[PDB]
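Beneath this line is the structure, given in structure tokens, with notes to follow.
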Amino acid sequence: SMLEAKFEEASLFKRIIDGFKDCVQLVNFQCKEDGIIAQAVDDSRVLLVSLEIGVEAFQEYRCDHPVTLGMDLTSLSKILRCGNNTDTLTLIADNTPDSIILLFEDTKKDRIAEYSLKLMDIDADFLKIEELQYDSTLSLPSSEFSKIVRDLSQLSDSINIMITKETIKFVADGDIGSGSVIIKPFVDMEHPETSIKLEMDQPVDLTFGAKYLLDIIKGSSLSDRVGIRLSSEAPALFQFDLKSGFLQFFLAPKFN
Amino acid sequence: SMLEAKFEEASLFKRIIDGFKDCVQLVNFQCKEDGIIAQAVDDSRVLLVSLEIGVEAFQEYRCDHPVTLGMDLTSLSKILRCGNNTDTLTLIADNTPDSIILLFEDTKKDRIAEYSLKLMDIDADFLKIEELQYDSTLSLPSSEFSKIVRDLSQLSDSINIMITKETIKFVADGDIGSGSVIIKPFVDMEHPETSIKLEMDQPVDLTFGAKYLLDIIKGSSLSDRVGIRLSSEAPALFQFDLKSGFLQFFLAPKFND
Amino acid sequence: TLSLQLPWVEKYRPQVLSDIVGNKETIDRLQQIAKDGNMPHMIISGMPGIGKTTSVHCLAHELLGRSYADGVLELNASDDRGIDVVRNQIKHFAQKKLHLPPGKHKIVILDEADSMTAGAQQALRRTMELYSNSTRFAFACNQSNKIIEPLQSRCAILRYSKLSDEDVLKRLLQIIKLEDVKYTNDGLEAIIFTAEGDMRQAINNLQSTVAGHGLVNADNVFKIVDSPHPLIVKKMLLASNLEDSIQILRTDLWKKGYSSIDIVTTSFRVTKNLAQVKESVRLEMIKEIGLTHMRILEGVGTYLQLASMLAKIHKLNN
Amino acid sequence: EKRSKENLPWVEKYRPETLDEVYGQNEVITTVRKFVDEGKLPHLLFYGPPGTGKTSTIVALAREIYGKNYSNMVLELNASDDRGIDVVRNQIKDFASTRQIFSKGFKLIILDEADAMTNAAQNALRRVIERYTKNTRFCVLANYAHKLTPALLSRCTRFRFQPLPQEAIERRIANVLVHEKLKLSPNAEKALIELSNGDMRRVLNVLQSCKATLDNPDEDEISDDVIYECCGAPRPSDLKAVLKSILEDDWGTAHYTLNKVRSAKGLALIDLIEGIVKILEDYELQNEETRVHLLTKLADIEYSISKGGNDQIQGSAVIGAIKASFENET
Amino acid sequence: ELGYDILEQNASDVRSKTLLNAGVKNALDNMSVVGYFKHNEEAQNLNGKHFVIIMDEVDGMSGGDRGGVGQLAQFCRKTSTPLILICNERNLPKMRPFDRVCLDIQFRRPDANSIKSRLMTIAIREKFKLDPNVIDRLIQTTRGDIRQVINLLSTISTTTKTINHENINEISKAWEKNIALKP
DNA sequence: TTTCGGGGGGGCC
DNA sequence: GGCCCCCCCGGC
Ligand SMILES: Nc1ncnc2c1ncn2[C@@H]1O[C@H](COP(=O)(O)OP(=O)(O)OP(O)(O)=S)[C@@H](O)[C@H]1O
Ligand SMILES: Nc1ncnc2c1ncn2[C@@H]1O[C@H](COP(=O)(O)OP(=O)(O)OP(O)(O)=S)[C@@H](O)[C@H]1O
Ligand SMILES: [Mg+2]
Ligand SMILES: [Mg+2]
């Protein structure tokens with residue numbers, strides 16, 4: 001077995017999968033000697049998911065040469081649900097793989113469960129996510145953002161984020177009135193987690209649909225602070241930092 | 001009356017009937033002086049159900065001569081739903097009866113509900129298919145078996161069970177992929193209710209339909225443990241023991257080809 | 001007594017394309033495709049007992065070798081093949097990743113594709129196109145008209161012809177040689193005569209003989225086998241006199257146990273395809289036969305009604 | 001059932017139990033017995049008219065193969081049970097793809113009256129039959145072969161059940177008489193066979209009715225008269241007299257004779273028409289148009305009678321049609 | 001050719017009102033992340049950032065797609081991006097909702113003089129002889145179907161290396177397209 | 001257009 | 001998972 005990844009517990013893998021399972025259907029992993037990366041484009045070709053897990057998230061990791069594995073989220077989630085939460089999950093793949101093996105091992109009951117998942121053929125090349133000079137780099141706690149988007153989605157089907165001098169406006173003009181929320185740079189010492197920081201360079205005003213933002217916030221439980229990078233005209237970058245790695249959502253804006 | 005059998009709580013009989021109502025259509029009870037033994041065969045002639053409620057499960061049980069009662073489980077369940085879950089249930093029958101009387105009595109009040117279900121002329125024998133010497137006999141908690149069956153049935157419509165020396169393997173091979181679960185015998189003196197026992201004579205490898213196992217696992221609500229007995233050239237036995245009787249599912253394996 | 005013997009239809013089902021008799025051109029094309037590869041989307045059409053399923057299975061087996069169990073998805077009328085099945089299971093199979101020799105592809109066999117609904121056939125359209133570099137489709141049907149035009153456009157048409165007497169005789173002689181079955185020429189001629197180009201029926205009757213009486217001769221075959229009643233109906237409807245037609249109807253059909261509805265339906269079908277009689281006469285005969293058929297359907301099915309139909313037919317043909 | 005077999009109708013009381021109790025189908029019985037005695041059992045099809053012994057034969061064969069417990073080792077379906085596409089795809093497939101529960105052996109599926117099944121179910125049955133042939137055998141029973149699809153017929157070995165012969169009917173009648181302690185006159189047996197039309201059910205029903213008719217069956221003998229009164233059928237003498245009067249008397253005499261003959265025993269006109277047709281089909285008519293007119297007009301009258309109408313007008317039409325048709329003889 | 005990014009939905013997708021109003025709808029007025037991340041280094045390629053919706057096989061929308069036709073008709077009049085619908089037969093009652101909400105473009109059967117050079121090129125590359133005089137006949141065999149005629153050439157060339165007048169009759173008779181006639 | 005019956009495919013629950 | 005409803009064929 002050329003790829004022999006071994007998570008400490010199956011909780012981590014299932015949590016990352018659930019972080020972005022509801023927005024995509026097919027995913028493609030490159031596993032190398034440095035870790036695992038994944039890029040997925042939604043059926044609507046609007047939302048891009050970019051996940052990477054470093055070698056520090058695995059108790060053991062070995063990969064002779066790079067491996068590309070195409071999989072479907074539904075089947076992977078179904079196979080993962082079978083194994084218990086408190087087991088050791090090993091991802092095994094051989095040379096020129098046609099399927100990926102998931103081994104759930106419980107050392108207490110001494111139980112081994114092997115599930116082989118057939119890989120899909122995905123030809124779409126990964127889009128080069130080259131570093132962008134984002135005009136605005138907002139960062140806010142996960143709970144605040146989750147609550148704000150959930151509340152605003154009920155009023156309107158899309159929300160406009162405006163970043164200006166010490167001002168963050170989540171306008172939600174729509175069918176139900178024009179209820180909006182406003183925040184300003186805030187800092188706390190007792191709990192630095194609740195530290196809203198703004199690093200604007202040029203004023204930003206970008207509107208995004210409610211469905212994609214709802215899907216993104218669905219993964220808020222996977223982190224504590226969300227980093228929202230916005231530009232004058234470019235996809236917005238929503239970053240959740242993991243214990244070892246990250247999960248990004250690139251969401252394209254709407255016309256005008 | 002010829003036959004009078006009282007259940008202290010109607011929930012007992014409702015639960016027993018609920019354990020095998022989703023796999024058979026017509027049931028045949030045959031009451032004796034040593035309890036009530038019932039059989040039911042499914043429409044596909046692939047699964048058989050045998051229940052042997054004993055006399056110790058009734059407050060009082062009186063039966064003069066053996067009496068046969070052919071019934072439809074749908075109507076029986078329909079009427080049993082009528083009665084409350086806090087009333088005593090008397091099963092009453094007469095000599096060569098034309099109907100079976102279910103009498104729900106609530107001691108709290110003076111309300112008595114009598115339901116007469118017309119019987120069917122079901123003439124069949126049991127044949128006592130309990131092949132003497134099996135090839136393997138395992139016993140394990142019903143919860144683990146139910147979990148394994150539910151997990152594997154989602155992969156394929158067929159499940160293969162292999163019994164080897166100190167090894168029990170459940171395998172499913174579907175379209176999206178395959179899944180294998182291996183369990184070895186172990187014992188815990190602290191909590192023997194969770195132990196797994198295996199007695200082996202010759203290796204076994206038998207395939208079964210997932211639908212029938214999904215139907216069978218519904219009996220786990222009656223017993224905390226399940227005993228599976230397997231033997232080549234014979235149907236597989238799935239036994240759930242009860243307070244005084246048991247419920248047995250005889251499932252025919254699929255042809256290998 | 002409780003052990004069954006494998007029927008000759010399954011015991012000698014061709015396992016290689018070289019053992020399929022008839023349709024020499026198409027079989028040669030399939031053999032060359034197997035030799036080279038690059039199997040295209042194809043639709044094999046024909047009539048019962050000619051070797052369509054055998055041809056498709058042999059082609060798939062010889063093409064995919066050891067990878068038959070992983071690169072072949074077979075579905076028939078005994079399996080659910082609705083819109084959901086096409087949109088999920090077949091799509092997943094086509095999108096599956098599998099390593100195969102240079103010029104080999106996964107095969108999706110849809111036996112009896114005629115029964116498939118229009119929705120499933122429409123859904124298959126873009127699936128056969130987006131994944132044509134890894135998966136190919138082989139439909140087998142009896143009536144090609146039941147397959148929608150867009151699907152026919154994407155596949156190669158392979159219309160099979162009925163096996164001639166020579167090919168049936170060749171395969172039958174091979175089977176006899178393998179099973180060492182005593183036979184006579186007249187028995188084989190009778191078997192072919194009853195077969196009507198159906199190899200399955202020929203083999204079944206050959207087994208019934210030998211199994212029933214032993215030596216294969218016309219006598220035993222006709223003792224167990226009956227001459228096709230359509231020929232009897234044709235002879236009845238072509239008799240020069242009403243007396244002869246009534247005699248045939250009584251002796252050969254009514255006293256043999258054939259139902260009136262069967263007789264009238266066969267008469268209709270035979271009259272439809274009597275190329276030796278003028279079209280107008282056939283149309284008048286069909287009108288009379290339809291009147292009699294309606295009377296029989298109403299419930300009045302008797303020998304007298306069929307006799308009256310024959311009398312009216314002879315009235316017209318005079 | 002209830003009580004002993006003596007409470008059952010004769011049609012069911014005398015149902016063949018073994019394969020040696022089936023009469024009139026010697027060839028088919030011998031062939032199936034040889035097939036079962038050597039393990040060479042193919043997919044069988046039994047095509048035949050009503051009351052010939054197809055169900056009895058298949059049940060007897062199943063009993064021979066399995067034994068007294070055949071009901072627990074076969075899948076029998078008929079027109080009373082739903083046999084849709086779902087049934088074929090689930091129940092039949094499960095039965096064919098699974099081992100026997102009770103005792104080892106192959107699986108037998110008896111689709112009685114398969115001509116009532118829809119085209120979709122028959123089409124779905126094709127690969128089901130062809131794929132599990134190693135461990136399962138299919139038997140089909142039919143009265144109308146036009147309802148069965150060509151493919152299903154191609155997959156089955158056909159056996160034709162002929163109308164029951166005269167000798168077989170006499171042997172069965174002899175057995176029934178011996179068991180029932182009855183006496184039957186030779187002419188009574190002749191009439192019974194003639195009216196049976198090759199159906200044993202009719203024979204048994206008419207014989208039971210005749211036994212009921214007799215006041216003291218213990219020593220009374222069944223005569224042709226008993227059959228005629230029981231069934232209400234015209235006597236041959238009555239038909240001959242009616243035909244004679246129609247053919248060589250004037251309209252008034254023919255009308256009077258027909259009315260008197262019918263009112264003597266309340267005979268029905270349809271039975272008279274059938275009897276006269278049978279008598280005339282043996283005549284040697286010089287001219288073909290005579291036979292043509294007879295057949296056409298009598299068929300029209302029979303069809304009209306089938307839907308009610310006026311009885312007197314129908315009888316007069318019969319008389320006039322016969323007279324006009326025979327006028328062509330010259 | 002115009003630089004637009006293609007979003008496609010075929011009959012293999014369930015195009016019902018419930019999922020149509022929750023899927024492609026959002027893309028009617030949204031940019032393409034693929035376009036931005038793929039054309040970031042390009043210049044003057046504005047269309048790269050836009051969407052072009054292609055609904056293929058609209059006539060194939062069976063009962064599995066409830067209310068899809070009406071939703072497509074509504075989108076046709078309220079779409080912010082170019083939308084192209086493809087169907088085989090336009091004169092069905094079921095296609096009435098698109099009566100006067102789209103620009104209708106008819107594609108007629110190509111003539112035998114339009115694909116002639118293509119057939120010579122295919123013959124030259126595939127190393128088999130195709131006499132031009134029998135090309136026309138083939139077009140009538142498939143009723144002006146280019147895919148069908150190419151498939152016919154591929155299948156016949158497998159064993160027959162010459163398509164001439166001595167065998168064209170057999171191929172034409174064995175590959176005849178049986179199209180059901182109309183009222 | 002159109003008088004039952006069977007099958008499919010979606011919508012409440 | 002199960003009713004409940006609507007739509008569509010039906011010969012060879
Ligand atoms: N060309 C053939 N050569 C030898 N045997 C044949 C041939 N065709 C049919 N048979 C025999 O008949 C049996 C059945 O053949 P099939 O391939 O099932 O016919 P089929 O045309 O596919 O049936 P349909 O169209 O679904 S009714 C085979 O197993 C063979 O034993
Ligand atoms: N060959 C026979 N020998 C003796 N009795 C017969 C025979 N055939 C029919 N019968 C009698 O008639 C009764 C009915 O016979 P069946 O087996 O039901 O005929 P069947 O041909 O299967 O009826 P159909 O075709 O479904 S209307 C039997 O109980 C027998 O008593
Ligand atoms: Mg076939
Ligand atoms: Mg019968």
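Only this structure's heavy atoms are used, side chains among them; waters, hydrogens and symmetry mates stay out. First the proteins, then the strands, lettered A, B, ... as listed; each starts at 1.
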task = Look only at the side chain of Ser146(B) and the backbone of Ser143(B), and say whether a donor-acceptor pair between them is shorter than 3.5 Å.
result = no
query = Does a side-chain N-to-carboxylate-O contact under 4.0 Å join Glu130(D) and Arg127(D)?
reply = yes
task = Could you give me the stems involving DNA chain F, meaning stretches of three or more consecutive Watson-Crick or G-U wobble pairs whose two defining distances are both below 3.5 Å?
result = F:5-11 with G:3-9
request  = Quick one: do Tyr258(C) and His229(C) satisfy ring-ring contact (aromatic ring centres under 6.0 Å, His included)? Show the steps, please.
outcome  = CA-CA 9 Å; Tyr258(C) 294 88; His229(C) 68 264; 5.5 Å; yes
Restricting to nitrogen or oxygen on both sides, can you table the protein-nucleotides 2-7 of chain F pairs closer than 3.5 Å?
unit_1: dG7(F); atom_1: OP1; unit_2: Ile85(D); atom_2: N; d: 2.6

Would you tabulate the nitrogen or oxygen pairs shorter than 3.5 Å linking the protein to nucleotides 11-13 of chain F?
unit_1: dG11(F); atom_1: OP1; unit_2: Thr18(E); atom_2: OG1; d: 3.4

task = Without swapping roles, check the side chain of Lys147(B) against the backbone of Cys82(A) for a donor-acceptor pair under 3.5 Å.
result = yes
request  = Return the orientation label for the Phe208(B) and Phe238(B) ring planes: parallel under 30°, perpendicular over 60°, tilted otherwise.
outcome  = perpendicular
message = Roughly how many Å apart are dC9(G) and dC4(F), using the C1' atom of each and rounding to a whole number?
response = 13 Å
ask   = Please give, in whole Å, the distance from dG8(F) P to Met116(C) CE?
value = 12 Å
request  = Could you tell me whether the side chain of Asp79(C) and the main chain of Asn76(C) form a donor-acceptor pair under 3.5 Å?
outcome  = yes
request  = State, without any angle test, whether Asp65(E) and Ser16(E) hold a side-chain donor-acceptor pair at a distance under 3.5 Å.
outcome  = no
ask   = Is a donor on one side and an acceptor on the other found under 3.5 Å between the side chain of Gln122(D) and the backbone of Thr149(D)?
value = yes
Are any protein N/O atoms closer than 3.5 Å to N/O atoms in nucleotides 7-12 of chain G? If there are, list each pair with its distance.
unit_1: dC12(G); atom_1: OP1; unit_2: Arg269(C); atom_2: NH1; d: 3.4

request  = Please measure how far the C1' atom in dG5(F) lies from the corresponding atom in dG10(G), and state the result in whole Å.
outcome  = 10 Å
ask   = Okay, side chain of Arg131(D), backbone of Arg126(D): is any donor-acceptor separation there less than 3.5 Å?
value = no
remark   = Residue set satisfying side chain to side chain contact (heavy atoms under 4.5 Å, CB included) with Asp157(B), at least two apart, ordered chain then number -> none
query = Does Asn10(E) use its side chain to pair, donor to acceptor, with the backbone of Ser12(E) at less than 3.5 Å?
reply = yes
message = Tell me if a side-chain donor or acceptor on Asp262(C) pairs with a main-chain N or O of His146(D) at a distance below 3.5 Å.
response = yes
inquiry  = Could you tell me how far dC7(G) sits from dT1(F) if I compare only their P atoms? Round to whole Å.
reply    = 14 Å
task = Check salt bridge (charged side-chain N to carboxylate O under 4.0 Å, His left out) between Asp59(E) and all other residues, then give those that pass, not counting sequence neighbours.
result = none
